[PDB]
Amino acid sequence: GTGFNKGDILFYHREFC
Amino acid sequence: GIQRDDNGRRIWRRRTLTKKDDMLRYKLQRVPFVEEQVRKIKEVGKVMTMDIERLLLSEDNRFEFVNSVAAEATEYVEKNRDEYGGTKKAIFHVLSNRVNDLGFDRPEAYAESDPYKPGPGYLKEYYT
Amino acid sequence: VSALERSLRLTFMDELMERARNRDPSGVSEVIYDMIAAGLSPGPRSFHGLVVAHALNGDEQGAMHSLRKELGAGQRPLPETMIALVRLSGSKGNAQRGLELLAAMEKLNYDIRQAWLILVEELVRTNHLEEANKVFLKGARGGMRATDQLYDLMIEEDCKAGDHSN
Amino acid sequence: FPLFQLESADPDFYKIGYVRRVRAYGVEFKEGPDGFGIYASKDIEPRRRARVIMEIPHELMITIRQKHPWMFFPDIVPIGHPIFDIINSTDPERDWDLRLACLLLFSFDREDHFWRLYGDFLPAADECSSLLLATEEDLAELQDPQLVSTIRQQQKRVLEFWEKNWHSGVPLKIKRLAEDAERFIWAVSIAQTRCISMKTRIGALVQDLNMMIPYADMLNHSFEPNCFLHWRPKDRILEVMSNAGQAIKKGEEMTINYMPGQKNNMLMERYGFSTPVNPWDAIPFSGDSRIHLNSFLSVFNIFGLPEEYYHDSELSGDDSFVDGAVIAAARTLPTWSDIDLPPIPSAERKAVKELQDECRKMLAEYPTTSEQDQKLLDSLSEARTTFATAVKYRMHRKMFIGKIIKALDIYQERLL
Ligand SMILES: Nc1ncnc2c1ncn2[C@@H]1O[C@H](CSCC[C@H](N)C(=O)O)[C@@H](O)[C@H]1O
């Protein structure tokens with residue numbers, strides 16, 4: 001039954017502007 | 001098959017039945033006195049039985065269907081514990097969502113109440 | 001964009017790509033500074049050339065520095081730059097750097113499936129089967145699908161190594 | 001306040017299906033000068049999973065086994081009928097359409113069969129776009145000797161089969177199926193243009209079938225479709241499913257992929273049409289002048305492996321230029337790749353100039369142009385469907401070559 005078959009770049013690097 | 005009637009409009013032949021089908025007249029008729037029956041079906045929750053049968057028409061194994069429904073309900077309860085257990089049941093929500101995913105509109109989790117309850121404190125007494 | 005600016009960019013880009021194909025990142029930086037002096041803003045193509053120049057002669061730190069320069073310049077890196085970086089990390093066996101680059105690529109709205117395949121294949125090639133298995137399983141649990149050849153390669157190599165679990 | 005503020009199909013067309021357990025959800029049938037089509041009667045909102053669009057019961061189909069022996073599902077042919085003898089003598093590999101044509105004629109002669117009614121909505125001999133109905137004049141406008149030879153061979157085969165099996169001495173139940181040759185030719189054309197092949201399980205039997213499916217052959221072709229066919233074995237129903245998570249707006253046509261990975265020539269041979277955005281079309285280049293594949297893909301935002309090229313449609317924003325034609329160009333242009341070796345722009349200019357020269361030579365080889373073909377179509381008033389089909393085919397090929405030219409131009413422009 002139901003038991004069958006076992007059931008960070010790009011940051012701190014932005015454009016300074 | 002191309003033909004324009006001198007004004008830029010293209011005239012084309014419409015397709016028609018051009019034959020007699022006796023099954024049309026005899027079958028497109030409606031029973032007029034099932035309002036109470038439909039209302040009682042909605043009240044007792046047989047639409048959910050129809051939905052459960054419909055969902056199993058696309059499942060090769062029903063035990064796998066039960067396991068998947070239970071897993072989805074478990075995810076529902078784990079993500080939002082406080083929303084279930086009362087008027088909203090997780091398994092009913094899963095069933096309604098699976099029916100709604102087919103494009104068939106259903107009330108959420110088959111949650112319904114009685115509009116005719118005469119204020120707070122009054123409990124309906126079932127007539128056995 | 002006049003014909004004069006287009007011709008200047010053509011000449012500078014041709015020289016920059018010639019230096020990049022010759023594994024000369026210093027010359028590519030010279031050409032980039034020449035662009036800066038001449039008023040030609042370095043686009044993503046020039047920084048891609050610089051990254052490729054650094055990556056060709058097995059220089060991961062300089063390639064990451066070039067990517068940082070491109071990001072600080074405000075330019076959006078090309079998919080080729082990112083896949084070159086992930087391939088370099090896989091060749092060096094730097095699995096975590098490759099995963100960081102894949103995350104950056106995903107953040108910049110890019111398809112990371114091909115880069116994931118490149119990374120796992122390079123990790124297998126350079127005899128880094130543990131990190132290759134880890135990255136492959138991360139990608140597979142993430143929903144990505146690998147090619148049949150990659151599936152067969154992973155299964156066969158893991159079973160040759162005696163690793164039945166992976 | 002409320003007070004202050006293409007034609008619909010014949011209702012009987014859906015009614016005859018509806019009374020026989022055919023259900024269409026969120027879509028309406030519309031008929032135009034080109035032909036029948038299926039369009040969303042409202043906004044098909046995207047859900048988590050695929051949405052059910054249509055449901056066609058198995059008993060309304062005309063299906064035959066795709067592999068020997070020939071068994072029909074549902075079994076409409078009685079035991080001992082000569083039509084089975086006619087069917088059983090066909091070549092198993094290439095004569096699949098003849099068997100379906102025989103079944104179609106047999107069903108049209110059956111009084112209680114559904115297709116006796118549904119057959120009145122099939123395109124007629126003057127409305128079908130199949131090239132089996134094209135004459136020598138229409139085939140002359142294909143501007144392709146190979147396709148003309150293929151069409152002539154198919155017509156010869158069909159006529160030979162009809163002459164072999166419909167001679168004088170055949171019984172009356174067989175002669176009335178096809179009194180004259182053009183009836184059988186139209187049957188074969190309908191079979192070729194509307195057949196659907198699928199692997200279906202019926203009960204415990206799994207097999208491949210060639211199926212004439214009503215209400216599902218009305219779906220039109222697309223190489224970027226929003227719908228697909230799924231067989232439901234438990235109740236023997238064919239489902240038309242819209243793609244999961246793909247929003248569909250009101251009036252948007254519902255389309256399926258008739259056959260993936262087939263060029264315009266095969267589409268013309270089989271379904272009698274072609275599309276200008278075919279991502280599998282081929283143009284024979286010399287191969288001496290080559291461009292960089294990676295740069296070409298990155299400029300137009302074409303991602304994925306060579307067998308799954310797809311436009312991202314996000315980075316472009318509003319670039320309608322990038323479509324299946326650009327994908328076909330990337331799949332057919334001579335290209336070189338060296339892992340991470342960048343391309344020198346100067347060589348790219350020369351390569352694209354040579355390729356544009358080749359494309360312009362190809363355009364010059366055609367007697368006419370594409371714009372004049374469109375003008376001829378607009379001024380056309382007394383031509384057959386196959387005539388306009390051939391004109392559109394050559395026009396689409398010219399459009400594809402022009403798109404290649406423009407793509408090379410913008411690629412060399414954006415290389416800096
Ligand atoms: N995208 C498309 N553009 C032009 N014709 C198409 C098309 N997709 C399908 N067709 C045509 O439609 C036929 C398939 S049956 C589809 C419905 C048909 N147009 C009708 O009115 O009955 C094919 O013969 C093909 O010629």
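Lettering follows sequence order; numbering is per chain, from 1. Just so you know, these numbers use all the heavy atoms, side chains as well, and skip hydrogens, waters and symmetry mates.
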Taking the side chain from [X] and the backbone from [Y], do they hold a donor-acceptor pair closer than 3.5 Å?
X: D/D12; Y: B/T16; value: no
X: D/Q155; Y: D/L131; value: yes
X: D/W115; Y: D/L60; value: yes
X: B/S96; Y: B/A109; value: yes
X: D/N278; Y: D/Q262; value: yes
X: C/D111; Y: C/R113; value: yes
X: D/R47; Y: B/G103; value: no
X: D/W166; Y: D/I174; value: yes
X: D/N243; Y: D/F228; value: no
X: D/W70; Y: D/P92; value: no

Would you call [X]-[Y] a salt bridge at under 4.0 Å N-O?
X: D/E59; Y: D/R20; result: no
X: D/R51; Y: D/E45; result: no
X: D/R157; Y: D/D97; result: yes

Next item on the list: Check the pair D/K199, D/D208 against salt bridge (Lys or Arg N to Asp or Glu O under 4.0 Å), reporting the backbone distance first and the verdict last.
Entry: CA-CA 4 Å; D/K199 170 173 289 298; D/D208 300 314; 3.2 Å; yes
State, without any angle test, whether [X] and [Y] hold a side-chain donor-acceptor pair at a distance under 3.5 Å.
X: D/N226; Y: D/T255; result: yes
X: B/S58; Y: B/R98; result: no
X: D/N265; Y: D/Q146; result: no
X: D/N210; Y: D/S197; result: yes

Margin query: Exactly one of D/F72, D/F114, D/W231 should register a ring-ring contact (aromatic ring centres under 6.0 Å, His included) with D/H58. Which one does?
Written below: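 For D/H58, the ring-ring contact (aromatic ring centres under 6.0 Å, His included) test succeeds with only one of D/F72, D/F114, D/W231, which is D/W231.
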Evaluate whether atom [atom1] of [X] has more than 12 neighbouring non-hydrogen atoms of other residues, nucleotides or ligands under 6.0 angstrom away.
X: B/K46; atom1: NZ; value: no
X: C/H164; atom1: NE2; value: no
X: B/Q29; atom1: CD; value: no
X: B/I91; atom1: CD1; value: no
X: B/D105; atom1: CG; value: no
X: D/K250; atom1: NZ; value: no
X: D/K173; atom1: NZ; value: no
X: D/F108; atom1: CZ; value: yes

Does the side chain of [Y] come within less than 4.5 Å of [X]'s, by heavy atoms?
X: D/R194; Y: D/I190; answer: yes
X: D/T385; Y: D/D126; answer: no
X: D/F161; Y: D/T90; answer: yes
X: D/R331; Y: D/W280; answer: yes
X: D/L100; Y: D/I64; answer: yes
X: D/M198; Y: D/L238; answer: yes
X: D/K30; Y: D/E253; answer: no
X: B/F104; Y: B/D51; answer: no

Distance, nearest 0.5 Å, that separates [atom1] of [X] from [atom2] of [Y]:
X: D/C102; Y: D/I86; atom1: SG; atom2: CD1; answer: 6.0 Å
X: D/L132; Y: D/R152; atom1: CG; atom2: CZ; answer: 13.5 Å
X: D/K15; Y: D/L117; atom1: NZ; atom2: CG; answer: 15.0 Å
X: D/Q246; Y: D/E252; atom1: CD; atom2: CD; answer: 7.0 Å
X: D/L122; Y: D/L104; atom1: CG; atom2: CG; answer: 7.5 Å

Checklist line | Candidate pair C/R145 and D/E308, rule salt bridge (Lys or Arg N to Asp or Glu O under 4.0 Å), full reasoning | finding: CA-CA 12 Å; C/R145 154 145 187 172; D/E308 53 154 328; over 6 Å; no
Next item on the list: Check the angle between the aromatic planes of D/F121 and D/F36 and answer parallel, tilted or perpendicular using the 30° and 60° thresholds.
Entry: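 Answer is perpendicular, since the angle exceeds 60°.
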Next item on the list: Quick one: which residue pairs count as a ring pair (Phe, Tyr, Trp, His ring centres under 6.0 Å) with a foot in residues 191-221 of chain D, not counting sequence neighbours?
Entry: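 Listed by first then second residue: D/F13-D/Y215, D/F29-D/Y215, D/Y118-D/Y215, D/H221-D/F223, D/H221-D/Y258, D/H221-D/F273.
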Margin query: Tell me the closest heavy-atom pair linking D/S129 and D/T386, and the distance in Å.
Written below: O-CG2, 4.3 Å
